[PDB]
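First, one chain by itself in structure tokens, the form deposited in one PDB entry.
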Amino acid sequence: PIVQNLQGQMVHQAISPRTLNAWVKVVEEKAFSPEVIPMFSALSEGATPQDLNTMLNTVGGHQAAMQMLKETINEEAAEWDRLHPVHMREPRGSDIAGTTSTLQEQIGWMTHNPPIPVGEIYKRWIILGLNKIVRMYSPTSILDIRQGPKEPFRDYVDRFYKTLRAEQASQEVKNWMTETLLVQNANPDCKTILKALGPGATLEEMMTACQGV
């Protein structure tokens, strides 16, 4: 992170040891279940690119996942260099990625007016790679999720949304999936309740109708 020093000038604060341990727990124990993206996004709040690379040094070891992450970062760095050609110096994609930039360059950019938020930029490329990894480690297609013959509708909704949260689908597809597939893949008793609501039903109406089904 970045902290105002005793002289009032902004200075680096290293990402604290037990924060990195909380990220190591998230990488090692949750096996890229979709909550890894929220927890990465949270633990890296205000992280400089040096801090973000300090976190990715423990995605290393998951060498298949790390490869997908590195190539996604490189792909986005090239796309940055394409969208923003050459005119502190303005950061190139490798400067955003914290490989070629100095720490003082990173903090300078993040503390500029207007800010050049290279940390919270690079964090988007990393989150996009983590989305690819969460897809790879997903156990099921959304089309495989069906309600158990005695499964509570809440628990099926959780299985469904947890899977949907991993999918590649655009929001327009996720809307269609929510309405059609959540109804379609319910068990026949609960499906009968859901069908009676008609196509415009909110998830609130669906679940409140199916309490104790």
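Between two forms, the rigid core is defined as the largest C-alpha subset superposing within 1.5 Å. Sequential numbering from 1, following the sequence displayed. Residues that one form lacks are left out of the comparison.
One more form of this protein, deposited in another entry, exists but is not displayed; see below.
- Once the rigid core is used as the reference frame, the Cα position of residue 203 differs between the shown form and the other one by 2 Å or more.
- Once you line up the core between the shown form and the other one, the Cα of residue 59 ends up 2 Å or more from where it was.
- Shown in the overlay between the shown form and the other one, fitted on the rigid core, is a CA shift at residue 152 of 2 Å or greater.
- Relative to the shown form, the CA atoms of residue 60 and residue 29 are brought 3 Å or more closer together in the other form.
- Between residue 60 and residue 68, the Cα spacing is larger in the other form than in the shown form, differing by no less than 3 Å.
- In sequence order, 58-61, 148-155, 197-213 are the runs of at least 3 residues present in both forms whose Cα atoms shift by 2 Å or more between the shown form and the other one once the core is superposed.
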